[PDB]
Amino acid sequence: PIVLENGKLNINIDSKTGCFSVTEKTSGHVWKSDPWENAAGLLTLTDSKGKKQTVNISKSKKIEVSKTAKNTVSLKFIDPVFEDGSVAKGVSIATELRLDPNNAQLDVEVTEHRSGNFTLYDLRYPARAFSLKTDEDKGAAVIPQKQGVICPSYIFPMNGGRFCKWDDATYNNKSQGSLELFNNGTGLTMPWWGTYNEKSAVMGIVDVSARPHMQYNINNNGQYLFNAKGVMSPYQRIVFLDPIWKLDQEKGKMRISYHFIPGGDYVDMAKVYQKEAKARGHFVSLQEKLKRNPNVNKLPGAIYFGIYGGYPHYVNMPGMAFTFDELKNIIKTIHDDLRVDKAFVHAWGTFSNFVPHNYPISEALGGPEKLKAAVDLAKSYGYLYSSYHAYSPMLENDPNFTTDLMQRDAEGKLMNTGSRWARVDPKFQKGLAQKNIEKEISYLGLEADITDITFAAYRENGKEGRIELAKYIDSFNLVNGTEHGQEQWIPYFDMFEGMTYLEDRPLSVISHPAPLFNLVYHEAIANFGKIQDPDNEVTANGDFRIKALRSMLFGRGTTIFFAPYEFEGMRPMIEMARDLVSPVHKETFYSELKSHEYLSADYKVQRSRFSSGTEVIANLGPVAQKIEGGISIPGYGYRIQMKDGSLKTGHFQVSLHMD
């Protein structure tokens, strides 16, 4: 082998294949190259007939590996070979491995690619690296899918229904696939991922300029590679996560930085990234935000209430719209009867035109003075208030619909024809906001704003116009929120509505929620439940029992999101959130989520520690379980140590009243 080495790592590079292993010297843990095919990389490209095929670059006609500097090895893979034995002449991939001279940190970069008369598409590089061996390694893959998850590398006790679905998925196509960076769908919210066992951890951080996808393989033995051939896989069940470099699209630097952490797990990974997040400029603390705007302290302990009037979808829809008097009375009841001390009231349906014309205040719902009376009541209670706003939609049912503000592609065709909520080109969105937002703020005396859609993702197309809008909104210095968010938007907002979990998502049945994003960013952005999956709805992500406990563990706020006709049914949930979640949310709001742990074999009992001095232990399953010191946590129960040393213990119960 060729060798790169420092005080912490030894990298062994195979001259013949370009594959590498990483020995973490302190533990003797060796991270292995591809256990299945000894493939350094997997490259998808067209053949001479123009059919896409995926090849092992380690089978190329020529492979050149050399040390080109003390801590750099240069590799070159020349003329890959197709399945049928023909050669992709003139195709080459060049890469570098660069060891930090001091730290346990390896940079891996794809530095050039040549396509000849072929077309190159995906490159998995390194391929099937940093794997865990299922049922040998006791650890997990770590994936910042929205708030984040882990995927254990072994089978463990769990509810029998869940166990069937989990195990089964590890033998079919549910456990393999890919995810993308910085969307509000199924994708990742931070540019890293990793694997750990009981000895060591590795993560990879993707260069800021690049947008690889991430391939996963969760305990799968690769049977998916053999089904079309009708044979059984000869490979072993493993866990891996690989970068997919999109060679046909990517113009950035195709670099991933691997960090090796002895005895580390997902918390340690998160903290490594937190330092990078700060270097990248995303980290603007809620303490800095509170210094700029004292009204940010209306957020700790506040329930986020969304009163959904059928808008933006419809204007004054019968059986859904609220009047402004009705809004006022919901506000009053929240404060006077349900004793809610702090709240963020978000009223969906206050305008008589469709977004993106967020005006005038609707005469049919009572007019301006009647809305002002609602808002003033809220402000009298120290609640925050915002209308629903959006500057990105262009809706088919809007009488003012036009394609004039939609974007066109290089061929002159309309973009986002199938995505109605994100049709207005961002380059127009600041101008739309400017039409009325300052009038609303002046007329209502607003202290807060929430703006939908535009900041839910961080794609390249249109980003300049989105930044312009973000800066415009931020210039008002209101306590402000937006739908979902991404790390890149943290500087401009105080809270994100969402950054939790989709209901139906890849990896659902073979992962556990982990507060990855909040382990990084809790001190910098507040988050609340998503409006589609609020704390009052029973979904794949739980009922109120589960959601309330998870809120405290993860450091998010309560979301009660309702049509007006449901309000009386919200009362119990509001009370329970007020009693249990709100004081914990208050105490921990500005703090760091220092650590999170799973404390039971089924992963349902967890412990979170916040730099406020607050410790939350909760049991998200139905059966009491013991942890350390033989302490028992009831099903759907909690034990919380507050800053002041007091202890709160308790549990939820579901009962049946029979008359």
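For the two forms, the rigid core is made up of the largest set of C-alpha atoms that agree within 1.5 Å on superposition. Residue numbers here begin at 1 and follow the sequence given.
After a core fit, the C-alpha atoms in 4 other deposited structures of this protein lie farther on average from the shown form in one of 407-415 and 259-267, namely 407-415. Taking the mean C-alpha B-factor of each stretch as recorded, 236-244 and 325-333 are not equal, and the higher mean is that of 325-333.
A summary of the deposited B-factors shows that, of 433-441 and 139-147, the stretch with the larger mean C-alpha value is 433-441.
The PDB entry assigns its highest CA temperature factor, among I531, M254, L99, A129, to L99.
Going by the entry's values, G90 shows the largest Cα B-factor out of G306, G90, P506, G222. When the modelled residues of the chain are ordered by C-alpha B-factor, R545 sits in the lowest third. Among all modelled residues in this chain, the alpha-carbon of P622 has a temperature factor (C-alpha) in the lowest third. Sort the chain's modelled residues by C-alpha temperature factor and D122 lands in the highest third, per the entry.
In this PDB entry, the Cα temperature factor of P564 sits in the middle third of its chain's modelled residues. Among all modelled residues in this chain, the alpha-carbon of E483 has a temperature factor (C-alpha) in the lowest third.
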